[PDB]
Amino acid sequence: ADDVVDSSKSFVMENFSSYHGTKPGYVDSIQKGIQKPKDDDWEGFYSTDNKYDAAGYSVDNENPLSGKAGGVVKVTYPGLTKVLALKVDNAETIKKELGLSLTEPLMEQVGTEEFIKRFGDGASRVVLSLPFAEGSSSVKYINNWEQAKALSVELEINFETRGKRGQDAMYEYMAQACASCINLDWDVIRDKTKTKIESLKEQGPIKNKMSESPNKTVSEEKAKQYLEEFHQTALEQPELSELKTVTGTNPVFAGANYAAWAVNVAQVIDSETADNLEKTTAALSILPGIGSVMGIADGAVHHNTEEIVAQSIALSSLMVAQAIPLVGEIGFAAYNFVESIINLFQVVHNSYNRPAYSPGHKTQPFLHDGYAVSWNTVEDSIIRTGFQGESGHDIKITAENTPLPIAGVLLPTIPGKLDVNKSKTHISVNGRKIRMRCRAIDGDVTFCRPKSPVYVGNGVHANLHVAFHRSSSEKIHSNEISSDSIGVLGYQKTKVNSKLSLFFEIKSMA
């Protein structure tokens, strides 16, 4: 029973409350009471501790990509409720270890007075708790359907009531989570986008460049060539002044990428598709290259003001309009295309609003120059402190195709307190153990280089094993250490090396 219950995340509480995402049509009826609609082990009423994750369940089930969002309700049990947190979601296992019938549904047994007596610690009923999702700190709550009749149901937010376009109300709600926060007013962005489209189409050079279009089907090459010309003249108008400035250096935001995006849109959108928003979002949502239009690259949302986002969407919208004659299959460019891409913006912004480990942190890979490197486990990414002695840390390394070298690794040191254990530090290439020569560059950085050549690639990976020696029991101090990364050096290309960075955290023992 211990092997399945996280007794440390379990607790009894009075007036236990949680949140339930509710779809259009039930935001009012569900407030009359939770009732079962007419694997069985997990049949029950689901809720979560996080009202923002609840809202993710609120979208029209017939149009989940683009349909209407209903609401979130807050449900509360009177009296005392036991939250029983489980370390597995395998019902056969749970019933075996909790001494239950292996034939009857798990969530049915959880509702019986015998289960409540044995596992309720005096509460009127038991609710099961499990991790909400990989990458989330929320929990999901599983309620037995009959016990859930005792819930009072109160409104938290009705997205319909807001009266806004698309899914704006839902995403604007979710962006509250982060008060590093994209919190855009999409009403402003819709109005400014409309305005800029209408007025760009009446700019001389644009009117000029428009008349110069083949206007009939051509080749992807002349299409792209003409649309890159159209992009420059458009970007020269003052409705796009700020965009021109922010898209000028980064090659992801180049006109050729706008043009490639426009061409790809024309090819996959037929007439049936354009006259259904759901169908249009399904089709746009699987194309590559949307980060050129979104202004997203290198781990950051660059286009993060209403004005710049509207300019970019305005620009894209016109380029789509001009590509459709060249490669199509016409008001779509300014109607559903704008509605659909707006929702895609909202999806991706929300992703970047959510707490998440960046590349090379914990077990998230660092992808660079054809290499992929990562900490082997989470514990490897932690340098413990406050003790005399040793630790070891494993980094996985490979590359995507041909053999790429590994020159060495840069390691942190603390003169007096933290040093490289030169005996146990080594690297292994498909099992071949390679010793390293480690030489201090100065008091804070040591460079270790393999004593024979290291190459990685498709079918060839390495495990870099870093060993640290602590000569005191003194806790390291943030002052004492500058870099927060281990630097693995790839190939050499003003000769510089490809730098692959693994980020660590200092922590005390536990």
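For every residue, the number given is its place in the sequence shown, counted from 1.
Chemist: If you count the residues of the deposited sequence that sit between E329 and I330 but have no coordinates, do you get none, 1 to 3, 4 to 9, or 10 or more?
Modeler: Missing in between: 1 to 3 residues.
Chemist: Comparing 108-116 with 373-381, which stretch shows the greater average C-alpha B-factor in the deposited entry?
Modeler: Mean B over CA atoms: larger for 108-116.
Chemist: Higher mean Cα B-factor in the deposited model: 361-369 or 122-130?
Modeler: Of 122-130 and 361-369, the stretch with the higher C-alpha B-factor average is 122-130.
Chemist: Which is it among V409, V139, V265, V420: the one with the largest CA B-factor in the entry?
Modeler: That would be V265, according to the entry.
Chemist: Which one, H393, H349, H231, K396, has the peak C-alpha temperature factor per the PDB entry?
Modeler: Within the set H393, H349, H231, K396, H231 shows the top C-alpha B-factor.
Chemist: When the deposited Cα B-factors of this chain's modelled residues are ordered and cut into thirds, is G386 in the lowest, the middle or the highest one?
Modeler: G386: CA B-factor falls in the middle third of its chain.
Chemist: How does the C-alpha B factor of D49 compare with the rest of the chain: lowest, middle or highest third?
Modeler: It falls in the bottom third of the chain.
Chemist: Among the modelled residues of its chain, does the C-alpha B-factor of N158 lie in the lowest, middle or highest third?
Modeler: Its C-alpha B-factor, which the entry lists for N158, ranks in the middle third among residues of this chain.
Chemist: Comparing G56 with the other modelled residues of its chain, is its CA B-factor in the lowest, middle or highest third?
Modeler: Answer is middle: the recorded C-alpha B-factor places it there.
Chemist: Grab the CA temperature factor for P205 from the record and place it in the lowest, middle or highest third of its chain.
Modeler: Answer is highest: the recorded C-alpha B-factor places it there.
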